[PDB]
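The structure file data.cif is reproduced below (mmCIF, C-alpha atoms).
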```
data_model
#
loop_
_atom_site.group_PDB
_atom_site.id
_atom_site.type_symbol
_atom_site.label_atom_id
_atom_site.label_comp_id
_atom_site.auth_asym_id
_atom_site.auth_seq_id
_atom_site.Cartn_x
_atom_site.Cartn_y
_atom_site.Cartn_z
ATOM 1 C CA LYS A 163 21.901 19.248 -9.447
ATOM 2 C CA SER A 164 19.796 22.236 -10.494
ATOM 3 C CA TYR A 165 18.436 23.819 -13.680
ATOM 4 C CA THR A 166 16.882 27.126 -14.731
ATOM 5 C CA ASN A 167 14.963 27.690 -17.938
ATOM 6 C CA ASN A 168 15.218 30.590 -20.369
ATOM 7 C CA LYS A 169 13.143 29.269 -23.310
ATOM 8 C CA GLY A 170 10.187 31.555 -22.479
ATOM 9 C CA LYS A 171 7.912 28.489 -22.721
ATOM 10 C CA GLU A 172 6.848 25.896 -20.173
ATOM 11 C CA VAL A 173 9.145 22.894 -19.825
ATOM 12 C CA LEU A 174 7.778 19.379 -19.157
ATOM 13 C CA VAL A 175 10.221 17.404 -17.002
ATOM 14 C CA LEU A 176 9.947 13.657 -16.277
ATOM 15 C CA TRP A 177 11.805 11.482 -13.802
ATOM 16 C CA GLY A 178 11.492 8.210 -11.931
ATOM 17 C CA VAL A 179 12.122 6.514 -8.605
ATOM 18 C CA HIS A 180 13.239 2.885 -8.476
ATOM 19 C CA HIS A 181 12.759 0.621 -5.498
ATOM 20 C CA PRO A 182 14.165 -2.910 -5.379
ATOM 21 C CA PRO A 183 12.380 -5.856 -3.761
ATOM 22 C CA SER A 184 15.132 -7.056 -1.386
ATOM 23 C CA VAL A 185 17.420 -5.303 1.106
ATOM 24 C CA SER A 186 20.444 -7.080 -0.397
ATOM 25 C CA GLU A 187 19.499 -5.602 -3.788
ATOM 26 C CA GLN A 188 19.258 -2.118 -2.227
ATOM 27 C CA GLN A 189 22.695 -2.668 -0.658
ATOM 28 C CA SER A 190 24.150 -3.960 -3.940
ATOM 29 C CA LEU A 191 22.850 -1.193 -6.185
ATOM 30 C CA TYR A 192 23.385 1.876 -3.982
ATOM 31 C CA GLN A 193 25.586 1.026 -0.881
ATOM 32 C CA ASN A 194 23.106 2.819 1.399
ATOM 33 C CA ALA A 195 20.342 0.982 3.286
ATOM 34 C CA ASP A 196 18.709 4.354 3.910
ATOM 35 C CA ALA A 197 17.840 6.539 0.921
ATOM 36 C CA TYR A 198 15.635 9.381 -0.293
ATOM 37 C CA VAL A 199 15.255 11.672 -3.264
ATOM 38 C CA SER A 200 13.888 15.199 -3.127
ATOM 39 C CA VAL A 201 12.603 17.528 -5.822
ATOM 40 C CA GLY A 202 12.113 21.259 -5.293
ATOM 41 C CA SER A 203 10.904 24.257 -7.263
ATOM 42 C CA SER A 204 8.778 27.343 -6.515
ATOM 43 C CA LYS A 205 5.442 25.513 -6.511
ATOM 44 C CA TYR A 206 6.480 21.839 -6.425
ATOM 45 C CA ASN A 207 8.050 20.193 -3.400
ATOM 46 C CA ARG A 208 8.229 16.506 -2.537
ATOM 47 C CA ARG A 209 10.538 14.125 -0.694
ATOM 48 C CA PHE A 210 10.411 10.457 -1.723
ATOM 49 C CA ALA A 211 11.573 7.409 0.191
ATOM 50 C CA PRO A 212 12.044 3.957 -1.328
ATOM 51 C CA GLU A 213 10.212 0.952 0.035
ATOM 52 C CA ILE A 214 11.525 -2.612 0.052
ATOM 53 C CA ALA A 215 8.984 -5.447 0.048
ATOM 54 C CA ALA A 216 8.288 -8.809 -1.606
ATOM 55 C CA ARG A 217 5.809 -8.913 -4.491
ATOM 56 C CA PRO A 218 5.077 -11.181 -7.480
ATOM 57 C CA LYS A 219 7.064 -10.980 -10.715
ATOM 58 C CA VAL A 220 5.890 -9.062 -13.780
ATOM 59 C CA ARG A 221 7.972 -9.321 -17.002
ATOM 60 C CA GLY A 222 10.523 -11.299 -14.955
ATOM 61 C CA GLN A 223 11.127 -8.412 -12.537
ATOM 62 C CA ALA A 224 10.222 -8.173 -8.845
ATOM 63 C CA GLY A 225 11.177 -4.497 -8.402
ATOM 64 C CA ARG A 226 9.000 -1.539 -9.285
ATOM 65 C CA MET A 227 9.525 1.960 -10.573
ATOM 66 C CA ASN A 228 7.416 5.098 -10.300
ATOM 67 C CA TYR A 229 7.264 7.893 -12.862
ATOM 68 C CA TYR A 230 6.620 11.585 -12.321
ATOM 69 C CA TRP A 231 6.250 14.781 -14.335
ATOM 70 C CA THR A 232 6.134 18.536 -13.713
ATOM 71 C CA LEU A 233 5.521 21.667 -15.795
ATOM 72 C CA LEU A 234 8.065 24.399 -15.053
ATOM 73 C CA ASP A 235 7.365 28.033 -15.836
ATOM 74 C CA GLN A 236 9.558 30.545 -17.616
ATOM 75 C CA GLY A 237 12.132 31.896 -15.199
ATOM 76 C CA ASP A 238 11.783 29.517 -12.232
ATOM 77 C CA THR A 239 14.371 26.816 -11.484
ATOM 78 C CA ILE A 240 14.250 23.186 -10.281
ATOM 79 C CA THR A 241 16.612 21.211 -8.036
ATOM 80 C CA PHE A 242 17.069 17.457 -7.760
ATOM 81 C CA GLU A 243 18.797 16.166 -4.650
ATOM 82 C CA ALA A 244 19.255 12.460 -4.062
ATOM 83 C CA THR A 245 21.111 9.881 -2.005
ATOM 84 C CA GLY A 246 19.788 6.564 -3.320
ATOM 85 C CA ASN A 247 17.383 6.021 -6.237
ATOM 86 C CA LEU A 248 17.240 8.782 -8.824
ATOM 87 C CA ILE A 249 16.242 8.096 -12.411
ATOM 88 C CA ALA A 250 17.470 11.406 -13.732
ATOM 89 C CA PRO A 251 15.949 13.183 -16.716
ATOM 90 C CA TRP A 252 18.076 13.216 -19.858
ATOM 91 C CA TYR A 253 15.765 14.921 -22.358
ATOM 92 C CA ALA A 254 12.840 17.281 -21.876
ATOM 93 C CA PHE A 255 10.299 19.191 -23.896
ATOM 94 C CA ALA A 256 9.472 22.863 -24.512
ATOM 95 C CA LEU A 257 5.775 23.310 -25.248
ATOM 96 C CA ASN A 258 3.877 25.608 -27.598
ATOM 97 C CA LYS A 259 0.147 26.362 -27.580
ATOM 98 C CA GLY A 260 -2.841 26.128 -29.937
ATOM 99 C CA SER A 261 -5.870 24.433 -28.479
ATOM 100 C CA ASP A 262 -8.491 21.863 -29.527
ATOM 101 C CA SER A 263 -6.583 18.646 -30.081
ATOM 102 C CA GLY A 264 -6.917 15.210 -28.518
ATOM 103 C CA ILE A 265 -6.413 11.479 -28.764
ATOM 104 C CA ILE A 266 -8.250 9.143 -31.141
ATOM 105 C CA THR A 267 -8.376 5.369 -31.000
ATOM 106 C CA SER A 268 -9.114 4.223 -34.549
ATOM 107 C CA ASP A 269 -7.870 1.748 -37.151
ATOM 108 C CA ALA A 270 -8.530 3.776 -40.297
ATOM 109 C CA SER B 109 -25.726 -9.118 -8.801
ATOM 110 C CA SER B 110 -24.452 -12.010 -6.689
ATOM 111 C CA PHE B 111 -21.301 -13.265 -4.994
ATOM 112 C CA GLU B 112 -19.839 -16.369 -3.372
ATOM 113 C CA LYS B 113 -18.270 -16.032 0.064
ATOM 114 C CA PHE B 114 -15.291 -18.277 0.709
ATOM 115 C CA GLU B 115 -12.331 -18.532 3.048
ATOM 116 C CA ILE B 116 -8.860 -17.422 1.914
ATOM 117 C CA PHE B 117 -6.771 -18.097 5.006
ATOM 118 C CA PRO B 118 -8.297 -20.619 7.440
ATOM 119 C CA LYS B 119 -7.824 -19.764 11.118
ATOM 120 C CA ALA B 120 -6.585 -23.254 12.053
ATOM 121 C CA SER B 121 -3.673 -23.809 9.645
ATOM 122 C CA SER B 122 -2.553 -20.523 8.036
ATOM 123 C CA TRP B 123 -1.114 -18.905 11.191
ATOM 124 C CA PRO B 124 1.002 -21.489 13.029
ATOM 125 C CA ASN B 125 3.503 -19.183 14.779
ATOM 126 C CA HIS B 126 1.282 -16.357 16.048
ATOM 127 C CA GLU B 127 -1.763 -16.229 18.329
ATOM 128 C CA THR B 128 -5.102 -16.432 16.519
ATOM 129 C CA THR B 129 -7.396 -16.071 19.534
ATOM 130 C CA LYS B 130 -7.220 -13.416 22.324
ATOM 131 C CA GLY B 131 -7.865 -10.789 19.627
ATOM 132 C CA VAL B 132 -11.066 -9.529 21.135
ATOM 133 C CA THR B 133 -12.238 -6.115 22.381
ATOM 134 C CA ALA B 134 -15.187 -4.755 24.359
ATOM 135 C CA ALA B 135 -16.099 -2.110 21.740
ATOM 136 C CA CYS B 136 -17.497 -4.960 19.622
ATOM 137 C CA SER B 137 -19.667 -6.600 22.257
ATOM 138 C CA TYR B 138 -22.061 -9.408 21.396
ATOM 139 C CA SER B 139 -24.696 -10.837 23.798
ATOM 140 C CA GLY B 140 -23.074 -9.250 26.869
ATOM 141 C CA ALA B 141 -19.628 -10.751 26.164
ATOM 142 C CA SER B 142 -16.840 -9.365 23.955
ATOM 143 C CA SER B 143 -16.349 -10.337 20.303
ATOM 144 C CA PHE B 144 -14.889 -9.140 16.990
ATOM 145 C CA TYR B 145 -15.668 -9.081 13.238
ATOM 146 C CA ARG B 146 -16.655 -12.292 11.480
ATOM 147 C CA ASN B 147 -14.574 -11.738 8.329
ATOM 148 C CA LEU B 148 -11.319 -10.346 9.746
ATOM 149 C CA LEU B 149 -8.805 -11.701 12.232
ATOM 150 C CA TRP B 150 -6.792 -9.839 14.846
ATOM 151 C CA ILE B 151 -3.324 -11.363 15.274
ATOM 152 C CA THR B 152 -1.229 -11.297 18.432
ATOM 153 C CA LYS B 153 1.841 -13.165 19.657
ATOM 154 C CA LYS B 154 2.396 -16.715 20.879
ATOM 155 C CA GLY B 155 4.714 -16.378 23.886
ATOM 156 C CA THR B 156 6.192 -12.825 23.631
ATOM 157 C CA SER B 157 7.804 -13.617 20.265
ATOM 158 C CA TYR B 158 6.565 -12.035 17.037
ATOM 159 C CA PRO B 159 8.338 -13.458 14.000
ATOM 160 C CA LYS B 160 8.092 -11.704 10.647
ATOM 161 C CA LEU B 161 5.208 -13.046 8.560
ATOM 162 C CA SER B 162 4.632 -13.317 4.833
ATOM 163 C CA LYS B 163 1.687 -15.123 3.254
ATOM 164 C CA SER B 164 0.511 -15.172 -0.360
ATOM 165 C CA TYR B 165 -2.547 -16.225 -2.374
ATOM 166 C CA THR B 166 -3.431 -16.840 -6.019
ATOM 167 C CA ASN B 167 -6.952 -17.048 -7.385
ATOM 168 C CA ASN B 168 -8.390 -19.559 -9.834
ATOM 169 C CA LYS B 169 -12.133 -18.760 -9.600
ATOM 170 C CA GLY B 170 -12.147 -16.974 -12.984
ATOM 171 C CA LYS B 171 -13.944 -14.050 -11.293
ATOM 172 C CA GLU B 172 -12.666 -10.970 -9.496
ATOM 173 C CA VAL B 173 -12.031 -11.389 -5.776
ATOM 174 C CA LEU B 174 -12.738 -8.570 -3.282
ATOM 175 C CA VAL B 175 -10.228 -8.685 -0.419
ATOM 176 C CA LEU B 176 -10.480 -6.604 2.782
ATOM 177 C CA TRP B 177 -7.970 -6.031 5.554
ATOM 178 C CA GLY B 178 -7.124 -3.582 8.309
ATOM 179 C CA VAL B 179 -4.269 -1.845 10.089
ATOM 180 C CA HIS B 180 -4.448 -1.184 13.826
ATOM 181 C CA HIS B 181 -2.478 1.496 15.602
ATOM 182 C CA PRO B 182 -2.526 1.885 19.385
ATOM 183 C CA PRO B 183 -2.447 5.241 21.179
ATOM 184 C CA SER B 184 0.546 4.666 23.496
ATOM 185 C CA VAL B 185 4.065 3.303 22.974
ATOM 186 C CA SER B 186 3.615 0.954 25.947
ATOM 187 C CA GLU B 187 0.528 -0.478 24.213
ATOM 188 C CA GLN B 188 2.538 -0.984 20.999
ATOM 189 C CA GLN B 189 5.237 -2.737 23.055
ATOM 190 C CA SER B 190 2.660 -4.876 24.886
ATOM 191 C CA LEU B 191 0.710 -6.023 21.841
ATOM 192 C CA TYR B 192 3.525 -6.673 19.348
ATOM 193 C CA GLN B 193 7.007 -6.620 21.095
ATOM 194 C CA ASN B 194 8.375 -4.344 18.356
ATOM 195 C CA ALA B 195 8.519 -0.546 18.712
ATOM 196 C CA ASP B 196 9.098 -0.348 14.964
ATOM 197 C CA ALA B 197 6.545 -1.939 12.638
ATOM 198 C CA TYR B 198 5.149 -1.925 9.108
ATOM 199 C CA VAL B 199 2.836 -3.937 6.913
ATOM 200 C CA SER B 200 3.125 -4.237 3.150
ATOM 201 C CA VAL B 201 0.690 -5.427 0.505
ATOM 202 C CA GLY B 202 1.733 -6.319 -3.039
ATOM 203 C CA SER B 203 0.111 -7.504 -6.247
ATOM 204 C CA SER B 204 0.535 -6.745 -9.967
ATOM 205 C CA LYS B 205 -1.223 -3.372 -9.868
ATOM 206 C CA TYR B 206 -1.481 -2.649 -6.129
ATOM 207 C CA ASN B 207 1.508 -1.813 -3.963
ATOM 208 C CA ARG B 208 1.580 -0.046 -0.609
ATOM 209 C CA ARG B 209 3.673 -0.037 2.557
ATOM 210 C CA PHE B 210 1.945 1.084 5.764
ATOM 211 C CA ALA B 211 3.490 2.299 8.997
ATOM 212 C CA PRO B 212 1.616 2.632 12.286
ATOM 213 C CA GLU B 213 1.440 5.930 14.116
ATOM 214 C CA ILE B 214 1.256 6.357 17.885
ATOM 215 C CA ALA B 215 -0.391 9.510 19.241
ATOM 216 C CA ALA B 216 -2.848 10.664 21.917
ATOM 217 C CA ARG B 217 -6.450 11.318 20.887
ATOM 218 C CA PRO B 218 -9.873 11.433 22.585
ATOM 219 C CA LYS B 219 -11.877 8.291 23.332
ATOM 220 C CA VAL B 220 -14.679 7.010 21.107
ATOM 221 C CA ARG B 221 -16.727 3.985 22.309
ATOM 222 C CA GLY B 222 -14.267 3.734 25.223
ATOM 223 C CA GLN B 223 -11.275 3.202 22.921
ATOM 224 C CA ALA B 224 -8.328 5.529 22.274
ATOM 225 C CA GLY B 225 -6.774 3.484 19.442
ATOM 226 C CA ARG B 226 -7.841 3.579 15.820
ATOM 227 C CA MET B 227 -8.037 1.142 12.957
ATOM 228 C CA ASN B 228 -8.014 1.649 9.200
ATOM 229 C CA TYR B 229 -9.766 -0.559 6.659
ATOM 230 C CA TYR B 230 -8.785 -1.308 3.080
ATOM 231 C CA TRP B 231 -10.056 -3.255 0.080
ATOM 232 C CA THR B 232 -8.771 -4.408 -3.314
ATOM 233 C CA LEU B 233 -10.218 -6.169 -6.366
ATOM 234 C CA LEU B 234 -7.938 -8.940 -7.634
ATOM 235 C CA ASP B 235 -8.165 -10.235 -11.181
ATOM 236 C CA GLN B 236 -8.310 -13.810 -12.400
ATOM 237 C CA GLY B 237 -4.821 -15.266 -12.434
ATOM 238 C CA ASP B 238 -2.831 -12.645 -10.494
ATOM 239 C CA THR B 239 -1.659 -13.232 -6.912
ATOM 240 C CA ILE B 240 -1.400 -11.099 -3.747
ATOM 241 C CA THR B 241 1.155 -11.108 -0.921
ATOM 242 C CA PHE B 242 0.807 -9.809 2.624
ATOM 243 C CA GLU B 243 4.010 -9.199 4.546
ATOM 244 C CA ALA B 244 3.949 -7.775 8.047
ATOM 245 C CA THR B 245 6.004 -7.230 11.179
ATOM 246 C CA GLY B 246 3.599 -5.447 13.528
ATOM 247 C CA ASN B 247 -0.095 -4.686 12.925
ATOM 248 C CA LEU B 248 -1.871 -6.899 10.418
ATOM 249 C CA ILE B 249 -5.606 -7.496 10.588
ATOM 250 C CA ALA B 250 -5.577 -10.425 8.216
ATOM 251 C CA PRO B 251 -8.482 -11.337 5.955
ATOM 252 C CA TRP B 252 -10.378 -14.481 6.916
ATOM 253 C CA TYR B 253 -13.196 -14.517 4.356
ATOM 254 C CA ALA B 254 -13.488 -12.956 0.916
ATOM 255 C CA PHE B 255 -15.931 -12.673 -1.938
ATOM 256 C CA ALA B 256 -16.056 -13.807 -5.577
ATOM 257 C CA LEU B 257 -18.145 -11.423 -7.662
ATOM 258 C CA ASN B 258 -20.534 -11.959 -10.563
ATOM 259 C CA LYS B 259 -21.907 -9.323 -12.942
ATOM 260 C CA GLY B 260 -25.283 -7.971 -14.089
ATOM 261 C CA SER B 261 -25.595 -4.221 -13.978
ATOM 262 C CA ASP B 262 -28.147 -1.596 -12.891
ATOM 263 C CA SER B 263 -28.516 -2.041 -9.154
ATOM 264 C CA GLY B 264 -27.986 0.348 -6.261
ATOM 265 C CA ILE B 265 -28.774 1.360 -2.713
ATOM 266 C CA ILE B 266 -32.127 2.656 -1.465
ATOM 267 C CA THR B 267 -32.841 4.362 1.832
ATOM 268 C CA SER B 268 -36.530 3.762 2.530
ATOM 269 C CA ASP B 269 -38.836 2.586 5.314
ATOM 270 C CA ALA B 270 -41.473 0.819 3.225
#
```
Please render this file's structure as structure tokens.
Amino acid sequence: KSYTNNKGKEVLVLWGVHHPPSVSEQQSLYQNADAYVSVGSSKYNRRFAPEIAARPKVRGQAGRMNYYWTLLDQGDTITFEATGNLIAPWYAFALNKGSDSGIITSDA
Amino acid sequence: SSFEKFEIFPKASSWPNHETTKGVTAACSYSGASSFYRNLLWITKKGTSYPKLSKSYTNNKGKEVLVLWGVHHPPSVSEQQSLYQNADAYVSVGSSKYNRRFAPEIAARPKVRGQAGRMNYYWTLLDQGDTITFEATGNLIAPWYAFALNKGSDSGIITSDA
């Protein structure tokens, strides 16, 4: 699935890649023991493969998930192409400018 | 400031299926003979059979633990076949905040210290509580000692000849 922008502003796109802990779980969730996802644009290009391994539980889950983000430009497109693990984006953000901001940790 | 060296996986009991000894090379030669590192442990096979291994560890020392390991990869496919019986291999290390799968690579490259293979070394700080799991099918250089670390800042390294 692809997408082009036309907003005239940069678009901030997020996605994720799941990978289960057991081969039976991979078989159960996606029917395909081999898998990959692949993301392409003009200046971004990566192919991801899942990995299946045993690891201790956190929040009662043994799987893991990785999160990624990319700034598009005006004009240029983006293409997702996947066969086993895509956590597809469902909303995104169009960004303005105006500098000199930040993050504050305070309790006032 | 200071640490305490202890033994995570003892050589006698923790590896009952594989071959603990015969993991020795001539590039680490001590007193004329051949030897190997004193904190790591090469692992080979006990009778041309390499079962899949998985071993875990939790800490309880209340301090952070500094764990080292290594991944060997030979230069030739025959050497991979000879040392581990499995043309395909991987190791995998997991914890709460560390997660990586490694694959060996086999290629030709010039000799250094009369060896054509290579070996990569890795390290991780555990926390108090949290566990760690090694899981391997072809190339693990398992840890054999580790370190429990104290605090007390403002130290460093000096190169001097005084």
Subject >> For residue A:231: contacts at 7 Å, all atoms listed in the file, fewer than 6 positions along chain excluded, given as a PyMOL selection string >> reply: chain A and resi 174-177
**OP:** With a distance cut-off of 7 Å and all atoms listed in the file, select the neighbouring residues of residue A:244, excluding the residue or stretch itself and same-chain residues fewer than 2 positions from it, and output the selection as a ChimeraX atom specification.
**Re:** /A:198-200,242,246,248
Counting all atoms listed in the file, what are the residues of chain B within 12 Å of chain A, and for each of them which pair of atoms is the nearest and at what distance in Å, to one decimal? Sort the table by chain and rising number, as JSON lines.
```
{"residue": "B:161", "atom": "CA", "partner": "A:216", "partner_atom": "CA", "distance": 11.4}
{"residue": "B:162", "atom": "CA", "partner": "A:216", "partner_atom": "CA", "distance": 8.7}
{"residue": "B:163", "atom": "CA", "partner": "A:216", "partner_atom": "CA", "distance": 10.3}
{"residue": "B:164", "atom": "CA", "partner": "A:217", "partner_atom": "CA", "distance": 9.2}
{"residue": "B:165", "atom": "CA", "partner": "A:218", "partner_atom": "CA", "distance": 10.5}
{"residue": "B:166", "atom": "CA", "partner": "A:218", "partner_atom": "CA", "distance": 10.3}
{"residue": "B:198", "atom": "CA", "partner": "A:215", "partner_atom": "CA", "distance": 10.4}
{"residue": "B:199", "atom": "CA", "partner": "A:215", "partner_atom": "CA", "distance": 9.3}
{"residue": "B:200", "atom": "CA", "partner": "A:215", "partner_atom": "CA", "distance": 6.7}
{"residue": "B:201", "atom": "CA", "partner": "A:217", "partner_atom": "CA", "distance": 8.0}
{"residue": "B:202", "atom": "CA", "partner": "A:217", "partner_atom": "CA", "distance": 5.0}
{"residue": "B:203", "atom": "CA", "partner": "A:217", "partner_atom": "CA", "distance": 6.1}
{"residue": "B:204", "atom": "CA", "partner": "A:218", "partner_atom": "CA", "distance": 6.8}
{"residue": "B:205", "atom": "CA", "partner": "A:220", "partner_atom": "CA", "distance": 9.9}
{"residue": "B:206", "atom": "CA", "partner": "A:217", "partner_atom": "CA", "distance": 9.8}
{"residue": "B:207", "atom": "CA", "partner": "A:217", "partner_atom": "CA", "distance": 8.3}
{"residue": "B:208", "atom": "CA", "partner": "A:213", "partner_atom": "CA", "distance": 8.7}
{"residue": "B:209", "atom": "CA", "partner": "A:213", "partner_atom": "CA", "distance": 7.1}
{"residue": "B:210", "atom": "CA", "partner": "A:213", "partner_atom": "CA", "distance": 10.1}
{"residue": "B:211", "atom": "CA", "partner": "A:213", "partner_atom": "CA", "distance": 11.3}
{"residue": "B:237", "atom": "CA", "partner": "A:218", "partner_atom": "CA", "distance": 11.8}
{"residue": "B:238", "atom": "CA", "partner": "A:218", "partner_atom": "CA", "distance": 8.6}
{"residue": "B:239", "atom": "CA", "partner": "A:218", "partner_atom": "CA", "distance": 7.1}
{"residue": "B:240", "atom": "CA", "partner": "A:218", "partner_atom": "CA", "distance": 7.5}
{"residue": "B:241", "atom": "CA", "partner": "A:217", "partner_atom": "CA", "distance": 6.3}
{"residue": "B:242", "atom": "CA", "partner": "A:216", "partner_atom": "CA", "distance": 8.7}
{"residue": "B:243", "atom": "CA", "partner": "A:216", "partner_atom": "CA", "distance": 7.5}
{"residue": "B:244", "atom": "CA", "partner": "A:215", "partner_atom": "CA", "distance": 9.7}
{"residue": "B:245", "atom": "CA", "partner": "A:215", "partner_atom": "CA", "distance": 11.7}
```
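Take the candidates B:183, B:174, B:263, B:144 and check each one against residue B:218 using only C-alpha atoms; the shortest distance goes to B:183.
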**OP:** Can you work out the spacing between atom CA of residue A:195 and atom CA of residue A:240 in Å, to one decimal?
**Re:**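 Computing the Euclidean distance for atom CA of residue A:195 and atom CA of residue A:240 yields 26.7 Å.
Atom CA of residue B:114 is found 14.1 Å from atom CA of residue B:170.
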Subject >> residue A:257 environment, 12 Å, all atoms listed in the file, sequence neighbours closer than 2 positions dropped, as JSON, numbers by chain >> reply: {"A": [169, 170, 171, 172, 173, 174, 175, 233, 234, 235, 236, 254, 255, 259, 260]}
**OP:** Take the PyMOL selection byres ((chain B and resi 177) around 6), apply it to the structure above, and return the hits as a list in words.
**Re:** residues 176, 178, 229, 230, 249, 250 and 251 of chain B
**OP:** Please write as a ChimeraX atom specification the full residue list that the PyMOL selection byres ((chain B and resi 111) around 6) yields on this file.
**Re:** /B:110,112,256-258
**OP:** Provide the atom CA of residue A:178 to atom CA of residue A:223 distance in Å, to one decimal place.
**Re:**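 If I compute the distance from atom CA of residue A:178 to atom CA of residue A:223, I get 16.6 Å.
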Mind filling out stretch 211-223 of chain B with N, CA and C atoms and sending it as a JSON list (two decimals), in the frame of the given file?
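The file below, rebuild21.json, is the result:
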```json
[["chain", "number", "residue", "atom", "x", "y", "z"],
["B", 211, "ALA", "N", 2.86, 2.20, 7.70],
["B", 211, "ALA", "CA", 3.49, 2.30, 9.00],
["B", 211, "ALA", "C", 2.44, 2.72, 10.02],
["B", 212, "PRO", "N", 2.50, 2.16, 11.23],
["B", 212, "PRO", "CA", 1.62, 2.63, 12.29],
["B", 212, "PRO", "C", 2.04, 4.02, 12.79],
["B", 213, "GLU", "N", 1.12, 4.68, 13.46],
["B", 213, "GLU", "CA", 1.44, 5.93, 14.12],
["B", 213, "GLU", "C", 0.87, 5.88, 15.54],
["B", 214, "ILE", "N", 1.65, 6.38, 16.49],
["B", 214, "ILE", "CA", 1.26, 6.36, 17.89],
["B", 214, "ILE", "C", 1.11, 7.81, 18.34],
["B", 215, "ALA", "N", -0.09, 8.16, 18.78],
["B", 215, "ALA", "CA", -0.39, 9.51, 19.24],
["B", 215, "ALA", "C", -1.56, 9.45, 20.23],
["B", 216, "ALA", "N", -1.74, 10.55, 20.97],
["B", 216, "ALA", "CA", -2.85, 10.66, 21.92],
["B", 216, "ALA", "C", -4.03, 11.35, 21.23],
["B", 217, "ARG", "N", -5.23, 10.87, 21.54],
["B", 217, "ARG", "CA", -6.45, 11.32, 20.89],
["B", 217, "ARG", "C", -7.63, 10.93, 21.78],
["B", 218, "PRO", "N", -8.74, 11.67, 21.69],
["B", 218, "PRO", "CA", -9.87, 11.43, 22.58],
["B", 218, "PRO", "C", -10.58, 10.09, 22.35],
["B", 219, "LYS", "N", -11.26, 9.61, 23.38],
["B", 219, "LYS", "CA", -11.88, 8.29, 23.33],
["B", 219, "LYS", "C", -13.17, 8.34, 22.52],
["B", 220, "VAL", "N", -13.41, 7.26, 21.76],
["B", 220, "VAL", "CA", -14.68, 7.01, 21.11],
["B", 220, "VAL", "C", -15.02, 5.54, 21.36],
["B", 221, "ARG", "N", -16.23, 5.31, 21.89],
["B", 221, "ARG", "CA", -16.73, 3.98, 22.31],
["B", 221, "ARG", "C", -15.78, 3.34, 23.32],
["B", 222, "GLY", "N", -15.19, 4.17, 24.18],
["B", 222, "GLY", "CA", -14.27, 3.73, 25.22],
["B", 222, "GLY", "C", -12.96, 3.18, 24.68],
["B", 223, "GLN", "N", -12.55, 3.62, 23.50],
["B", 223, "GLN", "CA", -11.28, 3.20, 22.92],
["B", 223, "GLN", "C", -10.51, 4.44, 22.47]]
```
